[PDB]
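In what follows, a single structure is set out as structure tokens and then discussed.
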Number of protein chains: 2
Amino acid sequence: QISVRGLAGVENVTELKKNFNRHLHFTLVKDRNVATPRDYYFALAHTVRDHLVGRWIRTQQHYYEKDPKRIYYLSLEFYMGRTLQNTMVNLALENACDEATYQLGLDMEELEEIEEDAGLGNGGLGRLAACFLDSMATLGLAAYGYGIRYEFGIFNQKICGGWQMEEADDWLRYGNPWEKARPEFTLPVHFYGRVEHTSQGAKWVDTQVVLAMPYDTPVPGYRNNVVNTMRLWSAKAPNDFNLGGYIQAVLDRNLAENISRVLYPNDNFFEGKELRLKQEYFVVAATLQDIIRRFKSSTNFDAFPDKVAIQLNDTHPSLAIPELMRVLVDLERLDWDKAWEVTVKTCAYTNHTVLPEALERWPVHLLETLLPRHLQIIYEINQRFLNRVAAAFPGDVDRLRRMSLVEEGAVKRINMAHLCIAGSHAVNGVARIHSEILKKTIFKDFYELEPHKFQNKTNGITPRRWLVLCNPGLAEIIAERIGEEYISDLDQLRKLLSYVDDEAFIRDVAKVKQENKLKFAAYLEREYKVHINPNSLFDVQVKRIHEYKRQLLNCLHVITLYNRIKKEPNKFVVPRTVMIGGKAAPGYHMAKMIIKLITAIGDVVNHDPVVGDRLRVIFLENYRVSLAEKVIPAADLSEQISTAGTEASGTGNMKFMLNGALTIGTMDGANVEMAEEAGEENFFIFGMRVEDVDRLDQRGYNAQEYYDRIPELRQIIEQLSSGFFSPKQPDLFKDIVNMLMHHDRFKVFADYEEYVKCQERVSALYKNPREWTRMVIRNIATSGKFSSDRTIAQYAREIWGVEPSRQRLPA
Amino acid sequence: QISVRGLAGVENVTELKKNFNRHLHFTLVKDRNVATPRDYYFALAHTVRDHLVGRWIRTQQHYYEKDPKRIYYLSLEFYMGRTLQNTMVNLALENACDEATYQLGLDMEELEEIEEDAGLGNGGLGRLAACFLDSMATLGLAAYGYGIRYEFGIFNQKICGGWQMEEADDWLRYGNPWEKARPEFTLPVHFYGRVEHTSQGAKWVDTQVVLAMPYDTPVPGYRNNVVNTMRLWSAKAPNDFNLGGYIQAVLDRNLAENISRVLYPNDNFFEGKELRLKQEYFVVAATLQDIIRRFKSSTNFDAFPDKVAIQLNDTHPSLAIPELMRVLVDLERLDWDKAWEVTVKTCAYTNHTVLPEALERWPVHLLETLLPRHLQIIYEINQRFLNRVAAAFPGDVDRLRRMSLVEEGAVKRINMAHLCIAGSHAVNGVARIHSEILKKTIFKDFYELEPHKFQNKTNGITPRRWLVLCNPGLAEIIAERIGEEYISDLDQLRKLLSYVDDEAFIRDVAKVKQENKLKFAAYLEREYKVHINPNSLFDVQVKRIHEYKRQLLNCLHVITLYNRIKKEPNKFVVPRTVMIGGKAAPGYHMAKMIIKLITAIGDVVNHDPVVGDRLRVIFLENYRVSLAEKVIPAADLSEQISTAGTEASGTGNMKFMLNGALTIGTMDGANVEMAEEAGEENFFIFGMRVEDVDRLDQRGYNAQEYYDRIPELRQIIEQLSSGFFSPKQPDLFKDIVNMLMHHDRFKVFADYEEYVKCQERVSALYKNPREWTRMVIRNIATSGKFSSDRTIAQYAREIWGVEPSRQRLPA
Ligand SMILES: Cc1ccc(/C=N/NC(=S)N[C@@H]2O[C@H](CO)[C@@H](O)[C@H](O)[C@H]2O)cc1
Ligand SMILES: Cc1ccc(/C=N/NC(=S)N[C@@H]2O[C@H](CO)[C@@H](O)[C@H](O)[C@H]2O)cc1
Ligand SMILES: Cc1ccc(/C=N/NC(=S)N[C@@H]2O[C@H](CO)[C@@H](O)[C@H](O)[C@H]2O)cc1
Ligand SMILES: Cc1ccc(/C=N/NC(=S)N[C@@H]2O[C@H](CO)[C@@H](O)[C@H](O)[C@H]2O)cc1
């Protein structure tokens with residue numbers, strides 16, 4: 001149908017159809033009379049995956065022959081979403097499969113909806129890993145993602161009576177067509193035990209052994225025939241494990257296999273839970289053995305850093321540092337200083353937050369029991385590091401206690417971030433302002449000691465998933481004017497600037513959005529039975545529920561608009577559909593209250609006859625990658641409204657910019673760079689800058705001051721307190737009111753006036769469709785910087801020491 | 001190479017080779033440079049299984065079109081063993097695959113050794129189910145095996161320091177190429193809850209739900225293009241299950257899934273363990289819903305028994321009876337009497353033992369908690385049944401308490417065997433003598449009430465696995481003389497009687513055995529590092545370790561031969577290799593001692609220089625179906641020496657007879673029929689008959705009497721007591737001696753003299769190879785009756801009311 005989706009040649013269509021029927025018969029053991037829709041999806045998935053195998057085998061063979069430096073991306077999260085369409089896109093098979101399935105009498109889009117998301121991540125950090133893998137494959141890097149194959153990914157969110165309910169994401173139930181178990185590469189991982197010191201150095205003995213079994217998933221590059229590997233470890237009990245008593249022993253195998261059972265969803269508050277530590281060590285131990293095995297299959301560890309880069313995705317795999325030391329020192333018998341040199345040059349650390357409650361600080365007593373040798377190595381790293389600090393800053397005793405990897409206190413803890421900085425040759429934040437905040441505040445001491453380690457690598461998103469796949473209409477009208485090269489060279493979108501006054505292009509951009517909004521309005525009626533006005537402004541905030549992300553500020557605005565309507569019902573207002581979506585971490589009480597507030601607001605607003613269809617508030621249930629692919633192209637306004645200094649980068653922001661939504665946001669995270677690229681005139685910037693927040697903290701934030709001086713804010717609070725939004729439970733929202741009035745870390749009230757005013761300027765612009773669209777064009781045209789291809793090229797050159805290559809491997 | 005293994009046509013070999021390379025590439029994601037031996041096995045398994053699919057789909061389609069009466073074989077055990085060779089045999093693909101793999105540079109036999117046994121059974125009852133499935137497919141019956149897909153089958157046995165060690169049989173670790181998950185047929189199974197009585201009858205409410213997910217495994221008939229289904233249920237938690245607390249809730253899903261985790265290996269002693277009851281109900285509930293679903297997809301349950309037979313393989317699925325009643329009464333609203341009529345006519349029960357400690361007698365309090373509605377139905381069945389007994393035998397109050405399904409006592413129990421008899425139109429034992437023992441003793445009261453219910457169906461073994469597959473040499477020399485028809489018509493083996501004096505045939509039979517013995521002697525050196533004389537008599541006893549099976553009696557004989565040698569070292573004795581193998585139930589202390597005794601005897605005997613290679617005692621580790629396929633063809637003497645009245649049938653006995661071993665045995669179980677078929681002159685029968693045992697029990701068995709009157713027996717006991725076989729632990733075997741002397745239920749000493757004497761007659765015959773072989777020929781020629789095809793044809797005609805058919809389905 002559309003050009004960017006590839007050729008539907010006669011020979012290819014015929015072959016796809018025959019292979020589809022082959023798989024239906026031989027793989028699914030079905031014929032057309034008994035086939036379920038799920039069978040059809042699997043026949044298609046198997047048909048498509050067949051095209052990956054030659055490329056996958058030869059990509060890996062290529063790396064063995066050429067022996068390039070290998071990139072190991074260690075993450076506990078890979079938020080992959082669905083794989084079928086992505087694979088077709090990157091293989092140029094989409095139109096062909098569409099045709100082939102059409103001739104077979106099937107709707108491919110309906111088949112695509114059957115695939116479960118690989119929801120092996122929580123939010124931004126997990127999706128970043130996924131975008132990165134895609135960019136690394138597209139840029140021809142010898143890169144491997146390493147993580148855990150969770151049996152249960154992020155929970156499915158259900159909303160019952162306005163409340164979030166979690167249910168197990170049993171994503172593997174029907175089997176995953178995209179993975180290949182690799183049992184011959186099964187590796188033992190050790191836990192507990194004790195350290196014996198001999199003449200021949202330390203020995204870690206009496207350990208419990210869990211097996212790590214790898215599963216390989218293909219990561220296809222964009223039309224370059226490169227297929228990289230994502231290797232996820234699953235926990236398996238050894239067969240002599242725990243071996244009435246016989247039965248129990250077999251049942252207790254579950255204990256060892258619990259390690260890979262479930263993704264921790266608490267992206268808000270670090271919990272020192274032992275199972276989480278086991279998961280962190282599990283992925284690190286298995287991965288490092290696999291890395292070293294591959295390194296040897298080419299004595300001399302001097303060349304290790306020339307052949308290996310390990311990227312630590314936050315501190316979650318920080319145990320890579322003492323684990324590498326452990327292997328190098330205890331098993332390979334390198335001296336400490338040489339092992340350390342190798343380690344530092346091998347590892348790099350990416351920080352993804354400044355919220356102190358999110359920092360990993362593992363209780364010493366836990367490491368003592370679980371990983372006794374690692375604790376010893378950590379103490380040793382700390383001593384030698386603190387000797388360096390003492391020498392560089394003689395007499396600065398407070399610097400010593402601030403920089404220590406060991407924090408003294410009630411429970412002694414290890415600061416994993418301090419471990420990562422000490423053990424890495426590079427440390428980067430994920431947006432310019434965030435990287436600066438690291439240098440100036442939380443890692444200031446470390447920056448003063450080793451300024452050369454600190455870098456910025458502004459986040460990006462893959463334009464394959466986040467444009468071509470989810471927004472083919474927009475990709476097509478762009479390709480019509482500038483060709484297809486921009487898909488793997490997003491900077492080329494700048495060429496669209498000379499179309500800002502092009503009437504046809506303005507008409508096309510606005511029509512694509514309208515079509516996207518219509519399709520999403522339909523999706524909402526079909527799957528959720530809710531009726532929205534597609535001519536309204538689509539005002540969307542989708543992201544995990546956090547106080548810092550200030551879904552609450554959006555709530556206050558919603559209520560203001562509602563109250564203004566109720567005050568002057570016969571005044572014209574630009575109609576809005578306000579959509580808020582996102583999961584709350586199950587133990588985050590405030591976030592669950594916020595969700596309930598949102599639904600409670602919807603309950604009042606969506607049923608007020610006076611409101612009509614001028615204002616609708618919808619909570620988007622079960623926000624996840626596949627839902628983002630639908631809602632983002634349909635959005636007009638992107639809410640990026642975190643308190644300045646709190647969102648390290650954001651990536652949702654970039655997805656919206658790429659897909660033709662205007663952004664209302666604070667100068668926070670990557671918003672700053674987005675506004676700089678587009679020009680501030682084409683952005684709706686409001687609120688305190690970082691400096692204003694700091695000034696406020698010095699004086700002391702008094703929420704009452706705002707409540708006393710803003711009558712519209714007072715009314716809202718009074719309505720919240722008195723039970724206007726919870727008639728049967730008048731005090732339901734007292735926690736929220738209390739927090740807002742007395743202990744708001746994120747200064748919701750401080751930005752309220754400016755936000756509302758800025759929101760009026762949004763409504764004003766939307767009244768003028770032509771000028772709205774010209775501003776949109778100016779955003780899309782400048783979103784090039786935010787391609788993860790750019791981010792990855794920067795990592796490759798500035799951190800990993802490898803050159804990207806856009807060259808095809810032979811097909 | 002050999003004719004019975006099929007044609008190796010040019011077109012087939014070429015196609016097998018190309019499909020093998022296709023699977024290696026596309027399915028295993030490998031090329032020849034990186035392929036492991038396990039990859040080669042899987043490529044072959046996938047290549048072969050491709051040939052099953054058309055036949056499987058059309059067999060099932062056929063049943064839907066023709067709508068024949070369906071046979072449901074309910075078992076908690078299906079001891080399938082390996083599937084690859086069996087499939088090739090039944091599809092006539094063996095020579096072709098052998099050729100194809102040979103040209104690819106692979107040894108197919110080496111590939112076959114990689115396949116794990118499906119060890120979903122303990123011993124005879126589980127193997128019976130497997131042979132039966134094979135015969136039902138071969139006889140063109142619309143038959144389904146239903147059971148549980150255990151994650152862990154029978155434990156792998158390791159022998160450490162002469163002691164049995166169990167390890168988990170993780171048979172699914174690499175994936176099972178022979179199964180197809182059928183998630184669309186997932187069914188809920190209910191546990192716990194309570195019964196509400198309404199106006200509209202009883203209601204079972206507030207239950208916990210476990211999901212039952214079916215996996216289908218093909219059961220190919222012998223060259224008739226029929227492929228039946230074995231459907232095994234796996235336990236899955238529902239997604240709202242149990243839904244810090246979030247993490248635990250996800251982890252607790254294991255509790256529900258524990259149901260299908262592991263096969264209970266306690267074939268010796270009924271344990272009223274709740275998990276076992278859950279497994280029994282699980283397979284019954286899921287199966288019955290599946291049966292009823294299939295019945296409806298053709299209101300009128302009158303025709304249910306015309307369309308459905310359910311065979312209960314022992315009492316383990318006895319809950320089928322009250323479950324059928326429950327569905328019919330509570331869910332379909334049939335009146336009791338009509339539901340009962342339907343139930344009785346639908347169900348038949350096969351008893352597999354008379355050992356009272358093996359009978360299922362479930363504590364009432366367990367049924368109360370787990371299955372409250374079923375208990376109520378059982379009480380109701382009992383009342384109406386006992387009303388029938390009272391009416392037929394007025395005043396016989398003791399009959400009433402003996403026949404009750406409820407046993408009063410300390411804990412009230414339900415006698416599941418009594419439930420099965422009451423709820424079934426037919427009850428059968430598994431050998432003529434066993435069926436008679438049921439009528440005369442343990443079910444006498446029931447036989448007097450309903451004599452028409454009691455039948456015999458003498459056990460059988462499939463000649464496909466147990467001749468063609470494991471003994472191709474013997475199958476071939478037989479086919480050379482009489483053609484190939486006997487493979488699915490084993491009675492034709494009688495034709496071999498006219499070859500008893502045929503010199504060429506005598507030479508061939510003896511040569512096949514010699515080749516088999518050589519191959520097995522090699523197998524023992526290669527995989528276990530033990531060196532045996534292939535010219536010795538192969539004296540084998542392989543079967544689960546039980547006191548009743550009297551491995552101990554064999555032990556006494558072994559020691560007698562050893563002592564006689566030591567007494568007169570320079571006298572000629574026919575050399576023997578004595579092989580004993582079998583697993584002990586992990587909690588069966590005596591059985592574990594017996595294994596230790598056997599190894600301890602081996603330790604002494606195998607290292608006595610005076611003995612030489614005249615006597616060797618070897619414990620065959622990890623006896624299982626795939627090992628039986630090796631050892632049985634190599635055996636000369638089959639030890640079938642259970643105390644008369646204790647082995648219901650035996651089937652190992654039939655395997656040995658078919659494969660050219662002579663049998664030393666008691667008149668017990670099917671031995672009686674084997675001796676009758678072959679003629680007693682061609683059998684080594686010894687020991688007490690059933691009547692002699694009964695006489696002994698009346699007087700009282702005094703083991704001392706034998707110890708006092710048999711000096712050779714005294715010496716053995718003294719040696720056992722004094723530490724001759726355990727020098728470092730002199731009292732190690734005091735339990736055995738004590739049991740033998742004071743509490744031997746199985747009268748080991750009573751048969752000792754006759755056994756030893758009979759064993760001399762065996763040695764005498766073996767001295768004359770020509771006459772040994774002529775007797776062997778006379779056994780093989782009369783083993784026809786013991787084909788499970790005969791057994792199944794009897795079930796079909798006399799119990800299920802269906803005609804077998806040897807006709808091909810179109811290919
Ligand atoms: C891209 C690509 C290409 C080929 C393959 C081949 N895959 N080949 C096998 S046999 N895949 C297996 O299939 C099962 C699916 O039910 C999984 O449960 C199992 O984990 C997986 O290893 C996998 C991925
Ligand atoms: C269990 C657990 C513990 C901690 C976490 C942390 N999760 N941390 C995230 S999702 N960090 C996010 O990373 C993105 C990518 O750089 C940024 O754009 C975004 O600003 C930042 O908040 C998640 C789960
Ligand atoms: C005889 C026959 C013919 C075709 C098939 C087709 N089978 N097709 C699939 S996708 N089989 C799956 O394969 C996985 C193996 O790794 C299993 O883990 C899984 O349980 C099984 O359902 C199965 C049996
Ligand atoms: C957990 C558990 C509980 C009970 C059992 C019972 N297992 N019961 C067996 S294996 N019964 C056997 O059945 C064969 C087939 O008819 C007969 O030839 C044989 O004589 C008989 O002993 C097995 C496991």
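Side chains included, hydrogens not; waters and symmetry mates left out as well; all remaining heavy atoms used. All ligand and atom numbering here is 1-based and tracks the order in the structure. Chain A is the first sequence line, chain B the second, and so forth, proteins listed ahead of strands; every chain is numbered from 1.
At least one donor-acceptor pair under 3.5 Å links the side chain of A:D314 to the backbone N or O of A:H352. Side chain of B:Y588 to main chain of B:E547: a donor-acceptor pair is present (N/O by atom type, distance under 3.5 Å, no hydrogens or angles). When atom types are taken as modelled, the side chain of A:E184 and the backbone of B:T36 share no donor-acceptor pair closer than 3.5 angstrom. Although no hydrogens or angles enter the test, the distance criterion places a donor-acceptor pair under 3.5 Å between the side chain of A:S788 and the main chain of A:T462. In terms of modelled atom types and a separation under 3.5 Å, the side chain of B:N456 and the main chain of B:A431 share a donor-acceptor contact. The backbone N or O of A:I461 lies less than 3.5 Å from no partner atom in the side chain of A:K655, so there is not a single donor-acceptor pair.
Put simply, CZ on A:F42 and OH on A:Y174 are 8.5 Å apart, with the number rounded to the nearest 0.5 Å.
Annotation: A:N266 places no N or O atom under 3.5 Å from an N or O atom of ligand 2; distance criterion only. The distance criterion of under 3.5 Å between nitrogen or oxygen atoms is met by A:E647 with respect to ligand 2. Considering backbone and side-chain N/O of A:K549, none are found under 3.5 Å from N/O of ligand 2.
Using a 4.0 angstrom heavy-atom cutoff, B:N459 counts as in contact with ligand 4. Residue contact annotation: B:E271 has no non-hydrogen atom under 4.0 Å from ligand 4. The closest approach between any non-hydrogen atom of A:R127 and ligand 2 is not below 4.0 Å.
By the criterion of a heavy-atom distance under 4.0 Å, the side chain of B:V430, and not its backbone, is placed next to ligand 4. With a 4.0 Å cut-off on non-hydrogen atoms, B:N122 touches ligand 4 through its side chain and not its backbone. The proximity of A:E77 to ligand 2, defined as any non-hydrogen pair under 4.0 Å, is limited to the side chain. With a heavy-atom cut-off of 4.0 Å, B:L128 touches ligand 4 through its side chain alone. Counting heavy atoms closer than 4.0 Å to ligand 4, residue B:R544 contributes nothing at all.
One finds no salt bridge joining A:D216 and A:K180 here, because no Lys/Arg side-chain nitrogen approaches an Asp/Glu carboxylate oxygen to under 4.0 Å. One finds no salt bridge joining A:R231 and A:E179 here, because no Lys/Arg side-chain nitrogen approaches an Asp/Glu carboxylate oxygen to under 4.0 Å. Using a 4.0 Å cut-off between charged nitrogen and carboxylate oxygen, B:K549 and B:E647 count as a salt-bridge pair.
Ring geometry for A:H23 versus A:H46: interplanar angle of 30 to 60°, hence tilted.
A side-chain N or O of A:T350 and one of A:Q311 form a donor-acceptor pair less than 3.5 Å apart. A donor-acceptor pair shorter than 3.5 Å cannot be found between the side chains of B:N313 and B:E77.
Set against the non-hydrogen atoms of A:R276, the atoms of ligand 2 under 4.0 Å away are 1 (C), 2 (C). Interface of B:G650 with ligand 4, defined as ligand atoms under 4.0 Å from a residue heavy atom, comprises 17 (C), 18 (O), 19 (C), 20 (O). Each of the atoms 22 (O) of ligand 4 lies under 4.0 Å from some heavy atom of B:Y548. Proximity to A:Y264 (heavy-atom distance under 4.0 Å) selects the following atoms of ligand 2: 1 (C). Using a 4.0 Å cut-off to heavy atoms of B:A648, the atoms of ligand 4 that qualify are 20 (O).
For the pair A:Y349 and A:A417, the tightest heavy-atom approach, listed with the atom from each and the gap, is OH-CB, 3.9 Å.
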Does ligand 1 have any N/O pairs with the protein under 3.5 Å, and how far apart?
| from | atom 1 | to | atom 2 | distance (Å) |
| --- | --- | --- | --- | --- |
| ligand 1 | 7 (N) | A:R49 | NH2 | 3.4 |
| ligand 1 | 7 (N) | B:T27 | O | 3.4 |
| ligand 1 | 8 (N) | B:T27 | O | 2.7 |
| ligand 1 | 20 (O) | A:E179 | OE2 | 2.9 |
| ligand 1 | 22 (O) | A:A181 | N | 2.7 |

